[PDB]
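Shown next as structure tokens: one chain only, the form deposited in one PDB entry.
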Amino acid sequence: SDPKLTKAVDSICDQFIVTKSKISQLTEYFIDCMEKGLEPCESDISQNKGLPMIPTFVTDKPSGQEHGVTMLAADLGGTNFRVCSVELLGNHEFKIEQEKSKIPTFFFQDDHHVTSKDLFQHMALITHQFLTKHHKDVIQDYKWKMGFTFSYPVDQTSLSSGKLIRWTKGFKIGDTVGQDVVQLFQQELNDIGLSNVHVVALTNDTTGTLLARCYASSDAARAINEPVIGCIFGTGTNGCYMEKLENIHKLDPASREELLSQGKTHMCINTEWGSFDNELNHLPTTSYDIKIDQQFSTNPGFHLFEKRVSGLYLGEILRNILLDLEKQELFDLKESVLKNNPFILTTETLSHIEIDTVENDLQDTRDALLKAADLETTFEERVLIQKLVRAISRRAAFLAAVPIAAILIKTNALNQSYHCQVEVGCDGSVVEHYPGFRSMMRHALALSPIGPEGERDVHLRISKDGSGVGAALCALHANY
């Protein structure tokens, strides 16, 4: 027991407190940023520091009765790449064949040069392998339609076109920025004899999450649970929603009028809320967050909301806290390997600490810290490390509720029919598996302007779109 270490920890934990008044302020500011982000910016989209609010050119929420021939789907995340074939049977049913593979660490390192051709050649070959394994009998001329789920910010110009704005989540491929990722992918498919495979749709992982949940939600569930948000809380964080065409002022007025005359009323918006308040006008900030953004992040000055929320960064926050406590001569790092190893403490490490119990002398915390960075600890040190972890995760979960509450308020989403609630489709390892993260998001929602009664009308449902149904639904609509 070191009373000076205990007070230092309690003081740092206080730096992560998010009050009811703060949530209200951030919710209000988020809506302002939404409206600003819906206006056209005559600057560079890569220079823009506001809330991107990217039109996805998706205008229809699936009913569940969509059906068609087998579609192809490719899904590039922050960790895995998947190729799938999806047969939409209507009636909320589908057949899926998929192959999942980790993204090689080769694409995340700077010691050797990585090019766009490396990435998209790798993706085209995986596609070729999938088609050889699961659809060998299909003619080599078959007119495959493919939907491409690309979980990165894209300057979407149509359903099938858009240029990469900037990488995130540790990806470092310099020459992809400013390039149309559908063309890059299509060219590599062409080069290996798969020119008959046409990438006809491009969706963000938020967009796919919303569409897939709209299609799969049964008639009974859909009756009293209306999916209004598809969002992600994993390596990164983001969410989408349906905005009135009239409010999407950055959209060409002729395109708006054309869509309106076709009977459309809304278009899905990829908010890219990981980049909420990149200027830090209001986001809770500690010295540890600044250090992560400026020194250890791949995109300094951008995606600052994500750096306080998503799983890529929560462990790194703890590392910088322990390093600061060592400089203060309060914590003995012993023979650990924390120093000079950014991101060696993972959110997976924290997940073993969050609900560890003192009845077992916090043995899971000890093992996790030894396994991660060879950090020996005493019981008393683990008690304080647990406090730090819980403050980090609570702030992350409280902030995670802000974009959702803001969207629900701006769109008046809680105004529905009798008994009908709003469903927020959630995917990602943090919201799904980090113990207590969902419970704290719900607490924060109850504290937000929607109040406890609004939170009861909100269903944070784990809804995974890892099978490519979201991309498949977009490809089904598009023309070959």
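Don't overthink the numbering: it's just position in the shown sequence, from 1. Just so we're on the same page, rigid core means the largest C-alpha set that superposes within 1.5 Å between forms.
Below, we refer to the form deposited in another entry, which is not included among the displayed structures.
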- Message: Can you tell which residue in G37, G68, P55, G454 has its CA shifted by 2 Å or more between this form and the one not shown when the core is superposed?
- Response: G68
- Yes/no, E329 Cα shift of 2 Å or more between this form and the one not shown with rigid core fixed: no
- Query: Relative to the superposed rigid core, does the CA atom of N412 travel 2 Å or more between this form and the one not shown?
  - Reply: no
- Relative to the superposed rigid core, does the CA atom of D118 travel 2 Å or more between this form and the one not shown? yes
